[PDB]
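Asks: Dropping a structure here in structure tokens format, bear with me for questions.
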Amino acid sequence: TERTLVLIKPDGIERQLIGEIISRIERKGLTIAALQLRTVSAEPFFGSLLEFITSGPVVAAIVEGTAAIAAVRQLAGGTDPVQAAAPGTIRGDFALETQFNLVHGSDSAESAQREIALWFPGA
Amino acid sequence: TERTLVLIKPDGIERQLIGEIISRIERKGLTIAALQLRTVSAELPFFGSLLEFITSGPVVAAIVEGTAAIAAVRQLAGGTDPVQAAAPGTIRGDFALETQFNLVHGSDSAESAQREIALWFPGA
Amino acid sequence: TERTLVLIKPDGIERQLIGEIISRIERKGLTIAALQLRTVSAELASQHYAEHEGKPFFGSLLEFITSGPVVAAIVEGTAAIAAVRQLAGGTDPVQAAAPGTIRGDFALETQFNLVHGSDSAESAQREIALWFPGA
Amino acid sequence: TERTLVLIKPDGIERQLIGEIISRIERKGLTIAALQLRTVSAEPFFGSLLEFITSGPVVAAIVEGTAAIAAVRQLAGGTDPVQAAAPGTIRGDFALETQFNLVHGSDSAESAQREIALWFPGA
Amino acid sequence: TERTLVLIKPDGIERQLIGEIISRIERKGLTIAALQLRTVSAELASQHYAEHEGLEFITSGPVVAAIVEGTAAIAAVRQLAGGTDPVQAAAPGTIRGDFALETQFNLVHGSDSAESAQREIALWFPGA
Amino acid sequence: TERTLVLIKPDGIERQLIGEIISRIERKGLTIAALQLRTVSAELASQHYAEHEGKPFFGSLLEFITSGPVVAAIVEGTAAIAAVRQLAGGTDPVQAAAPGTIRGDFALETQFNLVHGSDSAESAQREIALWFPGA
């Protein structure tokens, strides 16, 4: 039904949490339509590879399923891992501060459209 | 103590989540007092019937008991809509995407639990 | 595809390991064709363990299996019989059960080794006919 | 950065949840800076070993990391495990009533400083 | 320190076991140096399975290919995957022993030697 | 019925696997009778590894075990000694440790194999008296 772009941020990779994050997406009922470990370099940031991340390794993925956009953001949790993110979310269970909150998901069908076109051309 | 009836809906059985759902119940501190995989045929106001809270298909019925069992099960299960209502950390919040296929049902009150238990587990 | 009978014995119920045990069966790719928590009557216990009559441990097996409720299930799928035995592990949870099995991960001694699975095709048919005559 | 005191109450030890509770602290990004299984006898109760626990075995730990105090309270959940603790917390996932809610974490920076000096002198 | 090729076979994607398989690789202490979900073509499948000279399952659905790196990565991955037959050979606690039932659908593949690791990596991840 | 000494070596502490290791001991049915995170003194190191003195690698053992904190524990229960060795797995995490063990699932090489458990009843008594004098 819906498609959303999810990024596992560099801190998520450095902490060996790639599979744990994918598992929570998969058990939610969502499917991994695209997946790739990427390296993003240095050099406002709207529509670029650095829009939601700092330069470093990142895992991009197209997540597909019913209500995928809203469900991914549900799984991820609020921005601040302690102040806003609910327990049981990726950020609530695994993160401490906003600067290193592990994951990003599209915030709208509008964003998912361009984001997916940016990271997975022709998808 | 306290008793409530749980149903693992057909979508929960199809997705191989029987043990996962029971595990969450047990780790909460609740005990499985009864348990049975059932089949329910299509019956053509659904109150007090086997199809009250489920559609036609296989289902696992279970009596769960323990302190605050009724509210505890409702907490573990989560709100109706697994994305807009169910909190993360719940069965529905963690494993489901749409209301029609939200995996589980738990009695919402003592009188419901009493009625549903006698239906699915006569004599218990 | 095959069918086998799985028993979660009273110690597995007492330890609230029902979900964990069923989870290991499901993730293995096997399906639960029948499932029931029940108490074992003296008659059924003597039927289930008929092969052990005359052996010194026969009496204690009957006592234990009737000491508390069990969970019986029919597990179905490709090579279900051998797959369940693999998941369960060897008899002695420490000296025989490999790590990663139910007994290897959760049990310490033989008389409290949590689960049982039919040991062969003939036993599977015999035990299913006994525990689930309608299946 | 911060440090807080965690107690695993006797009921948490009885239910064999020491590793589970410690596991949830570590996967949050926090570190166990000190740890000890203690026995506490029975003797208001402010500043004493029995302030947040009844007599019985207890596991005391110093938990360290960014926002450690608030993070541990988040992981633990509200007092009543069913009416207050959120799903995905230790109490929301593992406990049923306030009398046996498994775990305690310092509720403030002053409590952490005070509780740490009591359970781990010289720390 | 070694590199090895890991393939999550089409049955592994279908059963939504990508994260579970990668989790076991990571907790073992190994790192994911490359990762990609992709569809396998006839040409590539013939190169990978060129060892069988005497209509392929690898081209039915997508697969996840990955380079896994770390100390004794090659042997460690084989240990994690388990023997070929998930019931008769794979040890409990392995990917196959815990999640699979028959050789036809044993979920995952890992390079069986240093030589095959280099040939498989050069085939699936040229330029890596 | 038995007690054994369990060490989470500095690499197990560095990798934040304390809870994972304790969980595997607990779910096996074993109990934690003693538990403490501590730093190993020079004296304690030479005492724990005294059986390796004179060997060339004796210096590397002392340096590693004092390179960072450890968690020491007394694990108790039926067959606790053999059960802990079962959970930990063989020495080499890849070539000897079985899948499903602590070393088989989390470690790659011998010098960083995370945990140690007493290998016999004599060793258990000797190691407990050294690490937990009052126990």
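Numbering of chain C is taken from Swiss-Prot, so the residues present carry the numbers 2-136, in order.
Method on record in the header is X-ray crystallography, 2.2 Å.
Each Cβ is built from the backbone N, Cα and C atoms, and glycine gets one as well.
OK, Swiss-Prot features for this one:
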type	residues	note
ACT_SITE	C:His117	active site, pros-phosphohistidine intermediate
BINDING	C:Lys10, C:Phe58, C:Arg86, C:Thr92, C:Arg104, C:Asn114	ATP binding site
Asks: Do me a favour and check the Cα-Cα span between C:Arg86 (ATP binding site) and C:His117 (active site, pros-phosphohistidine intermediate); whole Å is fine.
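Replies: Just about 8 Å between their Cα atoms.
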Asks: Per DSSP, to which secondary structure element type does C:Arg104 (ATP binding site) belong, with helix, strand and coil as the options?
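Replies: Going by the DSSP assignment, C:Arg104 (ATP binding site) falls within a helical segment, counted as helix.
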Asks: Since the record lists C:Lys10, C:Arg86, C:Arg104 as binding-site residues, which of them has the fewest other Cβ atoms within 10 Å of its Cβ?
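Replies: Counting other Cβ atoms within 10 Å of each of the binding-site residues C:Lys10, C:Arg86, C:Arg104 gives the minimum at C:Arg86.
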Asks: How far is it from C:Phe58 (ATP binding site) to the residue listed as 'active site, pros-phosphohistidine intermediate', counting Cα to Cα, in Å?
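Replies: About 16 Å separate the Cα atoms of these two residues.
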Asks: Neighbour count, 10 Å Cβ-Cβ cut-off, for C:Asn114 (ATP binding site): what number do you get?
Replies: 25
Asks: Using a 10 Å cut-off on Cβ-Cβ distances across all protein chains shown, tell me which of the recorded positions (C:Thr92, C:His117) has the largest neighbour count.
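Replies: Going through C:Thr92, C:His117 one by one, the largest Cβ count within 10 Å is at C:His117.
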Asks: Give the three-state DSSP assignment (helix, strand or coil) for C:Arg86 (ATP binding site).
Replies: helix
Asks: Rounded to an integer, what is the Cα-Cα distance in Å between C:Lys10 (ATP binding site) and the residue listed as 'active site, pros-phosphohistidine intermediate'?
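Replies: C:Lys10 (ATP binding site) to the residue listed as 'active site, pros-phosphohistidine intermediate', Cα-Cα distance: 7 Å.
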Asks: What does the structure give for the C-alpha distance between C:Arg104 (ATP binding site) and C:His117 (active site, pros-phosphohistidine intermediate)? Integer Å is fine.
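Replies: So the alpha carbons of C:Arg104 (ATP binding site) and C:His117 (active site, pros-phosphohistidine intermediate) sit roughly 10 Å from each other.
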Asks: Using the residues the record lists for ATP (C:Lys10, C:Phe58, C:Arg86, C:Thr92, C:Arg104, C:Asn114), what whole-number Å value is the largest Cα to Cα distance?
Replies: 22
